[PDB]
Amino acid sequence: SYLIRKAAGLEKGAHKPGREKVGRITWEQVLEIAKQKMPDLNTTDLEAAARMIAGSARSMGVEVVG
Amino acid sequence: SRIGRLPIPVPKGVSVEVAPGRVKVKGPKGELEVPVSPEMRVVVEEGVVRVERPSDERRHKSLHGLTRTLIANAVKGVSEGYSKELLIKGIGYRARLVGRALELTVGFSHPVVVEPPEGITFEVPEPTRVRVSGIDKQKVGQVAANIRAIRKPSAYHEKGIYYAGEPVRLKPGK
Amino acid sequence: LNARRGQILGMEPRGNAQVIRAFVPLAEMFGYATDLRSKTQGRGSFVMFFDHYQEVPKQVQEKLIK
Amino acid sequence: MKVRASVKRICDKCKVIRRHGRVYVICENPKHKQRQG
Amino acid sequence: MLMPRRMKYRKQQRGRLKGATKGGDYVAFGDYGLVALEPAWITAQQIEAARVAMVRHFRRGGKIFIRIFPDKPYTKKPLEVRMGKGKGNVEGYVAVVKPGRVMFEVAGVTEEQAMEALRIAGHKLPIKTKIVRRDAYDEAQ
Amino acid sequence: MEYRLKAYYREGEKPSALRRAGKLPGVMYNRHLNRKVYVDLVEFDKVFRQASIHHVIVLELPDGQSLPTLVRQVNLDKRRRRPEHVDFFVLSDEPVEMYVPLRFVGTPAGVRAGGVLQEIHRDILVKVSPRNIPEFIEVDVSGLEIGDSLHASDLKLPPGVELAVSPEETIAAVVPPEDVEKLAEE
Amino acid sequence: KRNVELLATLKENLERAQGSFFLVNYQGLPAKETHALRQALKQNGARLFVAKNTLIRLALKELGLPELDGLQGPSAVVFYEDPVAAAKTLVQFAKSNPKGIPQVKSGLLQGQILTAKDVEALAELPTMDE
RNA sequence: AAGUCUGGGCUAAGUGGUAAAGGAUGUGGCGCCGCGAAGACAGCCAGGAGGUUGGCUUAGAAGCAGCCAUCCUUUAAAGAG
Ligand SMILES: [Mg+2]
Ligand SMILES: [Mg+2]
Ligand SMILES: [Mg+2]
Ligand SMILES: [Mg+2]
Ligand SMILES: [Mg+2]
Ligand SMILES: [Mg+2]
Ligand SMILES: [Mg+2]
Ligand SMILES: [Mg+2]
Ligand SMILES: [Mg+2]
Ligand SMILES: [Mg+2]
Ligand SMILES: [Mg+2]
Ligand SMILES: [Mg+2]
Ligand SMILES: [Mg+2]
Ligand SMILES: [Mg+2]
Ligand SMILES: [Mg+2]
Ligand SMILES: [Mg+2]
Ligand SMILES: [Mg+2]
Ligand SMILES: [Zn+2]
């Protein structure tokens, strides 16, 4: 989740995430972070390493388009 | 969920003899007599001793578990025997036998001399380890307890008499 | 330093050792000289220099006004 | 020992025993030791 | 705290605490209630003490219903005077409460949060109480 | 959604006596009949805690009959908060006036803000046919903020069921919560 | 009663989909060992065919209700059912015996195995890949 | 003066034989549920995991200063604790 910092718009998330969104991404930019950090996880899919980005999509608050 | 109905495995060759209110456990290391409620019935099978409740109310369920373990501790008593170890920690502190007696040096101006009652024997391997040994589980338990009380573990330092396995818990001292 | 209403600022290793920086009210410093030495088995020290002025919380300042 | 009219479990390692006619609360943390009275 | 904005009469006779509640016996607002098991004059300070206790337990959350009101004036003679020379002065207000009355109700908070808050509030009250949960029997009234 | 409950006949048996025997005194009636009855307290309670005055109850009587009823009113023991008497309304082909449950579907925007949805009406009175008796009456409350409100006029109502109270009546609302920040002045 | 009824579901199914399912003792294994026998037995066993890891009582009721040989290996002790026939193996049990007979003490184990449709014996199913 | 009267039950405090809020594995009788040979409860033997030092903070807050957020994944199982 280092890579979802330079593909959102912020360097520091969104203060109080979940209610205010200050940057976002599509259903395929979720996959290019999946493309790099792939041996980084315990999975070997693409829509499994995208659900582990669409699940880190609310730590900083950078939501997803879908 | 029940200590009393559990069967008491009697090793060969120790002999459990039954009587009104008592059972006699004779073995390789000695003999011990166990007081037993007349309400409880001790009964002797083959290589196994059992205990039965005349009823299912409190007083009897309570006496039940107790009685079987009382006998079982005597059984184990005369066969394998019982022992506790005491771990002396602390700089100045060290121990030794003086005859059958035990001499404790534990920071008092005077050294302390404990003398073993009948059936209890003291061993001092290392001068920081002491082994209280006997066939009566409760008497071994007591003597151990008495000795340790002479200088209970400090609450601020690893200093004093310790049970083997006793964890060393300490608070800061300012 | 917390029990002196002091607000922390930093930790770094110097002579190693380990150096700290902090914001602390002049008031809660008297004989900190001697407290530190107890808190650190006499193995610690400090330097201390003036910074600024700021608000005293409401429930202390008024006692002075008699 | 705390001695009081309302003895209570204070933490989850506290234990209510009852010895010799009195309600005690014993615990690994000494501060939690209670007698009722 | 609580007291009538204005009264038709300033002091009133004492009366008696005979019998169960006239009404106020079922839950009619919240999810849980606190109900009196004994008769008493509940003082305004006792109510507000109970109230404040519950809000403080909720801290930002829940809703508190108060179903009794201290409309009864409490009189007490000036300290250390002898008997006579009229009825005393009004010194506070109380709510008359008989067994079965629902004094407080909470709503829109967890079961646990309601239970502890009602339990706590009950300790501020000079009588025994039981906590209740709104059931079908209540709604049918 | 339809419940059955055993129910016996009584004449001059003291309600006190019956109440002791674990039985609940009661009566059944409509336009046409009136009978002094009694049911087992414990069984009735198990039934009533889901039926209420909403869902139907049929009384299997000691003669064979099985009349479908609604609970009209239940008398409580004020001191002990326990039931001491039931009125069972024997239903017929006629339309009937009754209380229909409200489901409050949705999570109010007012709630999301620390607010609290006060369900001012948990059921609603209604003219309906014993055959056309619903179960739910759903109400969207999600669009409500602090402090907004709904008024039974805002109810939908399935075909065959008529709002039996004044539409000016308030059903549910969202108010501010208890806050310790308020205690500052309290 | 309970989700143990929804446990006879997946176990019957995934088993009645085989005939050569082995049984291992997926015990001791640490954190790395918890992804070792797991992902590597998908490097010689298709689908999620390493272990199913199920109640020994439940697998006993399966191989008994689905009549599949009634695998009377010794289903006592920690067991987890090495799926060789949800896979593509038989001598790719070499992949399991490998890291097993290497990593830590006793690593992964064996004690029973259905043989194609029959009964693979003791060290039999533990040498029918060595 | 007249029963150490009969039958059923409870109480182990000398309660009976001087008191309240409140506290309690005291004892006994009820009751309604929950888990349980598809193996529950107790103890005990494994594991109890990765994306992730979860956003940013403090110089460190890395599951538990601490706020908001709080998913999925390899799973028998494992809460962004
Ligand atoms: Mg000396
Ligand atoms: Mg010991
Ligand atoms: Mg207290
Ligand atoms: Mg607790
Ligand atoms: Mg303990
Ligand atoms: Mg008067
Ligand atoms: Mg008063
Ligand atoms: Mg009270
Ligand atoms: Mg009315
Ligand atoms: Mg009730
Ligand atoms: Mg009832
Ligand atoms: Mg007699
Ligand atoms: Mg006494
Ligand atoms: Mg007495
Ligand atoms: Mg007395
Ligand atoms: Mg009781
Ligand atoms: Mg167990
Ligand atoms: Zn404790």
# chains A, B, ... in the order shown; residues from 1 in each chain; ligands from 1

call {"tool": "residues_around", "arguments": {"residues": "residue 67 (chain H)", "least_positions_apart": "2", "cutoff": "12 Å", "atoms": "only C-alpha atoms (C1' of nucleotides)", "output": "PyMOL selection string"}}
result
(chain A and resi 15-17) or (chain H and resi 55-57+61+65+69)

call {"tool": "residues_near_ligand", "arguments": {"ligand": "ligand 14", "cutoff": "8 Å", "atoms": "only C-alpha atoms (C1' of nucleotides) and all ligand atoms", "output": "PyMOL selection string"}}
result
chain H and resi 14-17

call {"tool": "atom_distance", "arguments": {"atom1": "CA of residue 80 (chain G)", "atom2": "CA of residue 44 (chain A)"}}
result
22.8 Å

call {"tool": "interface_residues", "arguments": {"of": "chain F", "to": "chain E", "cutoff": "7 Å", "atoms": "only C-alpha atoms", "output": "JSON, numbers by chain"}}
result
{"F": [49, 52, 53, 73, 74, 78, 79, 80, 114, 116, 117, 177, 178, 179, 180]}

call {"tool": "interface_residues", "arguments": {"of": "chain H", "to": "chain D", "cutoff": "7 Å", "atoms": "only C-alpha atoms (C1' of nucleotides)", "output": "number ranges by chain"}}
result
H: 22-24

call {"tool": "write_last_selection", "arguments": {"atoms": "N, CA, C and O atoms (P, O5', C5', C4', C3', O3' and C1' of nucleotides)", "output": "PDB file, in the first residue's frame"}}
result
ATOM      1  P     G H  22     -30.722  -2.046  46.714  1.00  0.00           P
ATOM      2  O5'   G H  22     -29.240  -2.626  46.731  1.00  0.00           O
ATOM      3  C5'   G H  22     -28.167  -1.893  46.173  1.00  0.00           C
ATOM      4  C4'   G H  22     -26.863  -2.237  46.845  1.00  0.00           C
ATOM      5  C3'   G H  22     -26.234  -3.569  46.473  1.00  0.00           C
ATOM      6  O3'   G H  22     -25.561  -3.548  45.228  1.00  0.00           O
ATOM      7  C1'   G H  22     -26.147  -3.279  48.813  1.00  0.00           C
ATOM      8  P     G H  23     -25.509  -4.872  44.320  1.00  0.00           P
ATOM      9  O5'   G H  23     -24.516  -5.845  45.088  1.00  0.00           O
ATOM     10  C5'   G H  23     -23.147  -5.504  45.200  1.00  0.00           C
ATOM     11  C4'   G H  23     -22.412  -6.390  46.171  1.00  0.00           C
ATOM     12  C3'   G H  23     -22.375  -7.865  45.855  1.00  0.00           C
ATOM     13  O3'   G H  23     -21.491  -8.180  44.800  1.00  0.00           O
ATOM     14  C1'   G H  23     -22.772  -7.569  48.154  1.00  0.00           C
ATOM     15  P     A H  24     -21.913  -9.288  43.728  1.00  0.00           P
ATOM     16  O5'   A H  24     -21.800 -10.654  44.539  1.00  0.00           O
ATOM     17  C5'   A H  24     -20.540 -11.085  45.028  1.00  0.00           C
ATOM     18  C4'   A H  24     -20.638 -12.333  45.870  1.00  0.00           C
ATOM     19  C3'   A H  24     -21.295 -13.541  45.235  1.00  0.00           C
ATOM     20  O3'   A H  24     -20.426 -14.240  44.376  1.00  0.00           O
ATOM     21  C1'   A H  24     -21.998 -13.299  47.493  1.00  0.00           C
TER      22        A H  24
END

call {"tool": "residues_near_ligand", "arguments": {"ligand": "ligand 11", "cutoff": "10 Å", "atoms": "only C-alpha atoms (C1' of nucleotides) and all ligand atoms", "output": "list in words"}}
result
residues 137 of chain E; 41, 42, 44, 45, 46, 80, 81, 82, 83 and 84 of chain F

call {"tool": "residues_near_ligand", "arguments": {"ligand": "ligand 6", "cutoff": "10 Å", "atoms": "only C-alpha atoms (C1' of nucleotides) and all ligand atoms", "output": "ChimeraX atom specification"}}
result
/E:12-16

call {"tool": "write_last_selection", "arguments": {"atoms": "N, CA, C and O atoms", "output": "PDB file, in the first residue's frame"}}
result
ATOM      1  N   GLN E  12     -48.680  22.008  49.959  1.00  0.00           N
ATOM      2  CA  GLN E  12     -49.811  21.085  50.023  1.00  0.00           C
ATOM      3  C   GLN E  12     -49.619  19.955  51.040  1.00  0.00           C
ATOM      4  O   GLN E  12     -48.492  19.556  51.342  1.00  0.00           O
ATOM      5  N   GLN E  13     -50.737  19.433  51.541  1.00  0.00           N
ATOM      6  CA  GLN E  13     -50.748  18.380  52.552  1.00  0.00           C
ATOM      7  C   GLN E  13     -49.927  17.175  52.118  1.00  0.00           C
ATOM      8  O   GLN E  13     -49.523  17.073  50.964  1.00  0.00           O
ATOM      9  N   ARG E  14     -49.680  16.256  53.041  1.00  0.00           N
ATOM     10  CA  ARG E  14     -48.736  15.189  52.772  1.00  0.00           C
ATOM     11  C   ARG E  14     -49.385  14.028  52.032  1.00  0.00           C
ATOM     12  O   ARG E  14     -48.861  13.568  51.021  1.00  0.00           O
ATOM     13  N   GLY E  15     -50.523  13.559  52.528  1.00  0.00           N
ATOM     14  CA  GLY E  15     -51.208  12.435  51.916  1.00  0.00           C
ATOM     15  C   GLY E  15     -50.572  11.105  52.271  1.00  0.00           C
ATOM     16  O   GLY E  15     -49.918  10.983  53.295  1.00  0.00           O
ATOM     17  N   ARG E  16     -50.763  10.105  51.423  1.00  0.00           N
ATOM     18  CA  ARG E  16     -50.312   8.756  51.735  1.00  0.00           C
ATOM     19  C   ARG E  16     -49.858   7.999  50.497  1.00  0.00           C
ATOM     20  O   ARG E  16     -50.169   8.389  49.379  1.00  0.00           O
TER      21      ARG E  16
END

call {"tool": "atom_distance", "arguments": {"atom1": "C1' of residue 81 (chain H)", "atom2": "CA of residue 35 (chain G)"}}
result
22.0 Å

call {"tool": "interface_residues", "arguments": {"of": "chain H", "to": "chain G", "cutoff": "12 Å", "atoms": "only C-alpha atoms (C1' of nucleotides)", "output": "ChimeraX atom specification"}}
result
/H:35-39,45-50,74-78

call {"tool": "write_last_selection", "arguments": {"atoms": "C-alpha atoms (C1' of nucleotides)", "output": "PDB file, in the first residue's frame"}}
result
ATOM      1  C1'   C H  35     -23.754 -26.256  23.569  1.00  0.00           C
ATOM      2  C1'   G H  36     -23.426 -31.559  23.512  1.00  0.00           C
ATOM      3  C1'   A H  37     -21.043 -39.232  20.946  1.00  0.00           C
ATOM      4  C1'   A H  38     -21.557 -35.305  13.840  1.00  0.00           C
ATOM      5  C1'   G H  39     -17.549 -35.686  20.818  1.00  0.00           C
ATOM      6  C1'   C H  45      -1.205 -30.757  22.976  1.00  0.00           C
ATOM      7  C1'   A H  46      -1.076 -27.569  17.638  1.00  0.00           C
ATOM      8  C1'   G H  47      -1.630 -23.408  15.379  1.00  0.00           C
ATOM      9  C1'   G H  48      -3.325 -18.723  16.441  1.00  0.00           C
ATOM     10  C1'   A H  49      -1.389 -16.224   9.902  1.00  0.00           C
ATOM     11  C1'   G H  50       0.043 -12.889   5.747  1.00  0.00           C
ATOM     12  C1'   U H  74      -3.715 -18.563   2.324  1.00  0.00           C
ATOM     13  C1'   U H  75      -7.526 -20.808   5.479  1.00  0.00           C
ATOM     14  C1'   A H  76      -9.821 -26.210   9.679  1.00  0.00           C
ATOM     15  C1'   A H  77      -9.014 -21.588  12.152  1.00  0.00           C
ATOM     16  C1'   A H  78      -7.088 -16.501  13.269  1.00  0.00           C
TER      17        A H  78
END

call {"tool": "residues_near_ligand", "arguments": {"ligand": "ligand 16", "cutoff": "10 Å", "atoms": "only C-alpha atoms (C1' of nucleotides) and all ligand atoms", "output": "PDB file with N, CA, C and O atoms (P, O5', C5', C4', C3', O3' and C1' of nucleotides), in the first residue's frame"}}
result
ATOM      1  P     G H  26     -22.557 -18.871  46.620  1.00  0.00           P
ATOM      2  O5'   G H  26     -22.936 -19.649  47.946  1.00  0.00           O
ATOM      3  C5'   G H  26     -21.999 -20.473  48.615  1.00  0.00           C
ATOM      4  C4'   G H  26     -22.684 -21.249  49.707  1.00  0.00           C
ATOM      5  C3'   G H  26     -23.745 -22.244  49.253  1.00  0.00           C
ATOM      6  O3'   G H  26     -23.214 -23.495  48.847  1.00  0.00           O
ATOM      7  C1'   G H  26     -24.633 -20.896  50.962  1.00  0.00           C
ATOM      8  P     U H  27     -24.018 -24.420  47.806  1.00  0.00           P
ATOM      9  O5'   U H  27     -25.369 -24.760  48.556  1.00  0.00           O
ATOM     10  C5'   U H  27     -25.381 -25.663  49.643  1.00  0.00           C
ATOM     11  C4'   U H  27     -26.776 -25.802  50.173  1.00  0.00           C
ATOM     12  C3'   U H  27     -27.792 -26.282  49.164  1.00  0.00           C
ATOM     13  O3'   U H  27     -27.751 -27.678  48.971  1.00  0.00           O
ATOM     14  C1'   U H  27     -28.657 -24.419  50.294  1.00  0.00           C
ATOM     15  P     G H  28     -27.966 -28.271  47.504  1.00  0.00           P
ATOM     16  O5'   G H  28     -29.544 -28.175  47.292  1.00  0.00           O
ATOM     17  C5'   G H  28     -30.398 -29.018  48.040  1.00  0.00           C
ATOM     18  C4'   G H  28     -31.782 -28.452  48.194  1.00  0.00           C
ATOM     19  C3'   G H  28     -32.622 -28.351  46.946  1.00  0.00           C
ATOM     20  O3'   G H  28     -33.103 -29.593  46.495  1.00  0.00           O
ATOM     21  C1'   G H  28     -32.891 -26.398  48.213  1.00  0.00           C
ATOM     22  P     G H  29     -33.348 -29.812  44.929  1.00  0.00           P
ATOM     23  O5'   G H  29     -34.691 -29.009  44.633  1.00  0.00           O
ATOM     24  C5'   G H  29     -35.948 -29.562  44.992  1.00  0.00           C
ATOM     25  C4'   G H  29     -37.067 -28.564  44.839  1.00  0.00           C
ATOM     26  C3'   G H  29     -37.483 -28.229  43.416  1.00  0.00           C
ATOM     27  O3'   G H  29     -38.324 -29.208  42.824  1.00  0.00           O
ATOM     28  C1'   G H  29     -37.228 -26.236  44.635  1.00  0.00           C
TER      29        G H  29
END

call {"tool": "select_by_dssp", "arguments": {"residues": "chain C", "states": "helix (DSSP H, G or I)", "output": "list in words"}}
result
residues 2, 3, 4, 26, 27, 28, 29, 32, 33, 34, 35, 36, 37, 38, 39, 58, 59, 60, 61, 62, 63 and 64 of chain C

call {"tool": "residues_around", "arguments": {"residues": "residue 35 (chain C)", "least_positions_apart": "3", "cutoff": "12 Å", "atoms": "only C-alpha atoms (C1' of nucleotides)", "output": "compact mmCIF listing (two decimals) with N, CA, C and O atoms, in the first residue's frame"}}
result
# COMPACT_ATOMS: atom_id res chain seq x y z
N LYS B 174 11.29 2.24 42.87
CA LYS B 174 11.55 3.66 42.55
C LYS B 174 12.36 3.79 41.25
O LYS B 174 11.97 4.48 40.30
N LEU C 1 8.53 13.20 32.65
CA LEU C 1 8.34 14.44 31.93
C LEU C 1 6.85 14.66 31.68
O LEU C 1 6.39 15.79 31.52
N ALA C 3 4.55 13.58 33.90
CA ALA C 3 4.05 13.94 35.23
C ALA C 3 4.53 15.34 35.67
O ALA C 3 4.47 15.68 36.85
N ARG C 4 4.99 16.13 34.70
CA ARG C 4 5.36 17.52 34.92
C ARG C 4 4.70 18.37 33.86
O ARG C 4 5.16 19.48 33.56
N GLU C 28 7.77 23.51 36.45
CA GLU C 28 7.90 22.10 36.82
C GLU C 28 9.29 21.56 36.49
O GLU C 28 9.45 20.48 35.92
N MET C 29 10.31 22.34 36.85
CA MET C 29 11.70 22.00 36.55
C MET C 29 12.57 22.06 37.81
O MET C 29 13.64 21.45 37.86
N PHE C 30 12.12 22.81 38.81
CA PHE C 30 12.88 22.96 40.04
C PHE C 30 13.25 21.59 40.60
O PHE C 30 12.38 20.77 40.87
N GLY C 31 14.55 21.36 40.73
CA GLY C 31 15.04 20.11 41.26
C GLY C 31 14.72 18.94 40.35
O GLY C 31 14.67 17.80 40.81
N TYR C 32 14.48 19.22 39.07
CA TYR C 32 14.40 18.15 38.09
C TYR C 32 15.81 17.57 38.01
O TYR C 32 16.01 16.39 37.71
N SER C 38 17.63 10.28 40.03
CA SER C 38 16.99 9.13 40.68
C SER C 38 16.33 8.21 39.66
O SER C 38 16.33 6.98 39.81
N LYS C 39 15.76 8.82 38.62
CA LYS C 39 15.07 8.10 37.56
C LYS C 39 16.04 7.34 36.66
O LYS C 39 15.62 6.44 35.93
N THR C 40 17.31 7.70 36.72
CA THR C 40 18.32 7.12 35.83
C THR C 40 19.53 6.57 36.58
O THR C 40 20.62 6.49 36.02
N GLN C 41 19.33 6.21 37.85
CA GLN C 41 20.40 5.68 38.69
C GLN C 41 21.64 6.57 38.70
O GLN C 41 22.75 6.07 38.79
N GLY C 42 21.44 7.88 38.59
CA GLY C 42 22.54 8.83 38.59
C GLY C 42 23.36 8.84 37.32
O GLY C 42 24.42 9.47 37.26
N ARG C 43 22.86 8.16 36.29
CA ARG C 43 23.59 8.04 35.04
C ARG C 43 23.09 8.97 33.93
O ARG C 43 23.55 8.88 32.80
N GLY C 44 22.18 9.87 34.26
CA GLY C 44 21.62 10.77 33.27
C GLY C 44 21.84 12.25 33.56
O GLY C 44 22.12 12.62 34.70
N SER C 45 21.74 13.08 32.52
CA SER C 45 21.94 14.52 32.68
C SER C 45 21.00 15.33 31.79
O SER C 45 20.15 14.76 31.10
N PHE C 46 21.16 16.66 31.80
CA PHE C 46 20.33 17.56 30.99
C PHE C 46 20.98 18.96 30.84
O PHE C 46 21.91 19.29 31.58

call {"tool": "residues_around", "arguments": {"residues": "region 4-18 of chain F", "least_positions_apart": "5", "cutoff": "6 Å", "atoms": "only C-alpha atoms (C1' of nucleotides)", "output": "VMD selection string"}}
result
chain F and resid 23 36 to 39 57 to 62

call {"tool": "atom_distance", "arguments": {"atom1": "CA of residue 18 (chain G)", "atom2": "CA of residue 90 (chain G)"}}
result
11.7 Å

call {"tool": "residues_around", "arguments": {"residues": "residue 71 (chain F)", "least_positions_apart": "3", "cutoff": "10 Å", "atoms": "only C-alpha atoms (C1' of nucleotides)", "output": "PyMOL selection string"}}
result
(chain E and resi 140) or (chain F and resi 28+48+51-57+74+86-90+98)

call {"tool": "write_last_selection", "arguments": {"atoms": "C-alpha atoms", "output": "PDB file, in the first residue's frame"}}
result
ATOM      1  CA  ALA E 140     -51.053  -3.783  23.798  1.00  0.00           C
TER       2      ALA E 140
ATOM      3  CA  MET F  28     -64.118 -14.205  24.081  1.00  0.00           C
ATOM      4  CA  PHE F  48     -48.605 -13.928  22.666  1.00  0.00           C
ATOM      5  CA  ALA F  51     -48.728 -12.741  18.039  1.00  0.00           C
ATOM      6  CA  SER F  52     -49.432  -9.660  20.167  1.00  0.00           C
ATOM      7  CA  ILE F  53     -52.507  -7.738  18.993  1.00  0.00           C
ATOM      8  CA  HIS F  54     -51.203  -8.024  15.459  1.00  0.00           C
ATOM      9  CA  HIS F  55     -51.100 -11.590  14.227  1.00  0.00           C
ATOM     10  CA  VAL F  56     -54.101 -13.913  14.457  1.00  0.00           C
ATOM     11  CA  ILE F  57     -54.758 -16.501  17.166  1.00  0.00           C
ATOM     12  CA  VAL F  74     -54.811  -7.424  28.000  1.00  0.00           C
ATOM     13  CA  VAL F  86     -57.446 -11.382  28.218  1.00  0.00           C
ATOM     14  CA  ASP F  87     -60.083 -10.258  25.785  1.00  0.00           C
ATOM     15  CA  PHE F  88     -60.159 -12.401  22.658  1.00  0.00           C
ATOM     16  CA  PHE F  89     -61.971 -10.810  19.714  1.00  0.00           C
ATOM     17  CA  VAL F  90     -63.567 -13.514  17.621  1.00  0.00           C
ATOM     18  CA  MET F  98     -56.832  -3.511  14.170  1.00  0.00           C
TER      19      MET F  98
END

call {"tool": "select_by_dssp", "arguments": {"residues": "chain A", "states": "strand (DSSP E)", "output": "ChimeraX atom specification"}}
result
/A:24-25,63-64
